[PDB]
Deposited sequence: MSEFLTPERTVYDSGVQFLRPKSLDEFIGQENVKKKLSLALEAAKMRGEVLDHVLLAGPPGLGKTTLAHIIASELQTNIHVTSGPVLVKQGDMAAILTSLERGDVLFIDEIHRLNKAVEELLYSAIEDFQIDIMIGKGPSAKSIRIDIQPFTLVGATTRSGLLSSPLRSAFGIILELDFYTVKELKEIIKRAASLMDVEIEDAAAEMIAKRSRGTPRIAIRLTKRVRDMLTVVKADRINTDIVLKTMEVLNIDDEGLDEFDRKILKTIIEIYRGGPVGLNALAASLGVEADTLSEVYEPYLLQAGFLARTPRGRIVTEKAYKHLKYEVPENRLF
């Protein structure tokens, strides 16, 4: 609970997003108006949930946490919409997973304010903004697209997490972890906790490169920050599908995982880092993937 930013001033990176949100947030506060609906979109672990809480906290209102999967019957959506107080934040994670039933009910709370509903701010979160229906998406006045963080930004988040956990760390070591965090704060912080564990067992005074390397070997994280499953995805494409192209459903079936967990959770970074590419016929691995995994380039 302690490593989560409580305000934008504590939120590292995402400069474009913070400037946009800050402008609208400060304005609404100064005018005492209800903030326009905000959509947060991007891969998991990038701080969407964190920003939702920061919004309510800055508006000095209450936040109601929920998700698309949870809201099954219109009754669920009703009970929540009626418990909202003026200016409250209704945070819906995985908002694109809302069934048409509760969806229509929620839309009616935007196009109007009764099913009476106290004026509130809808903050939705999704891994991909495009997953939302045309109608609902358009209802958002503010759309914030979160991209992966830079290595420098992640190193900053790491030093910050290390300090809060009462552990010293050398810059070179923080850099090494940042380079292996797959552009994600959540990943960087968890790696820092695991590296902290190594420091404890080896009885070191501070985290150095040696400690980080020992930890990465134990966690099976390579020099590109790829984990076991990341490599399984690339290896499966290379070996079973001859490098691709292979459709999403076929790859997911071969891997035994849901298509979403592949396209929304793991593929984003693999695409960004240049290990994978998407074509009309499906996914394909790149030469960088073959070389990194030590496979003879076909």
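Where are the holes in the model when you compare it to the deposited sequence?
Model skips 1 to 16, 132 to 146, 330 to 334 of the deposited chain.
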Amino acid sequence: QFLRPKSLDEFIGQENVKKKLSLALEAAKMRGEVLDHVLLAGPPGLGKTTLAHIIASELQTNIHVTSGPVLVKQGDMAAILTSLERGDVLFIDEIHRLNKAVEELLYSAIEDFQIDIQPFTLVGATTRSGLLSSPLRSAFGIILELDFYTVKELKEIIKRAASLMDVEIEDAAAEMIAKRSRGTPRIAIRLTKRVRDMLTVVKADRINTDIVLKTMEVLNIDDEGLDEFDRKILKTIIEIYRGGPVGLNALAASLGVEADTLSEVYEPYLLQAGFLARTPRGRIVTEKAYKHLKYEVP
From here on, numbers count along this sequence of modelled residues.
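Mean CA B-factor: is it higher for 137 to 145 or for 214 to 222?
That would be 137 to 145.
159 to 167 versus 105 to 113: which one carries the higher mean Cα B factor per the record?
Stretch with the greater average CA B-factor: 105 to 113.
Can you tell me which of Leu199, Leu132, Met176, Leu191 has the highest Cα temperature factor in the record?
Spelled out: the listed residue with the top C-alpha B-factor is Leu132.
Would you mind checking which of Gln272, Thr261, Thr50, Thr236 has the top Cα temperature factor in the PDB entry?
Of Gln272, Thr261, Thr50, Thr236, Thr261 has the highest C-alpha B-factor.
Going by the CA temperature factor in the PDB record, which third of the chain does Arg231 belong to: lowest, middle or highest?
Within its chain, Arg231 is a lowest-third residue by C-alpha B-factor, going by the deposited values.
Can you tell me whether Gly247 has a C-alpha B-factor in the lowest, middle or highest third compared with the other modelled residues of the same chain?
Middle third - that is where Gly247 ends up once the chain's C-alpha B-factors are sorted.
Can you tell me which third, lowest, middle or highest, the CA B-factor of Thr150 falls into for its chain?
Tercile = lowest for this residue's CA B-factor.
Splitting the chain's C-alpha B-factors into thirds, which one does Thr82 fall into?
It belongs to the highest third of the chain when residues are ordered by C-alpha B-factor.
Split into thirds by Cα B-factor across the chain's modelled residues, where does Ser181 land: lowest, middle or highest?
It belongs to the lowest third of the chain when residues are ordered by C-alpha B-factor.
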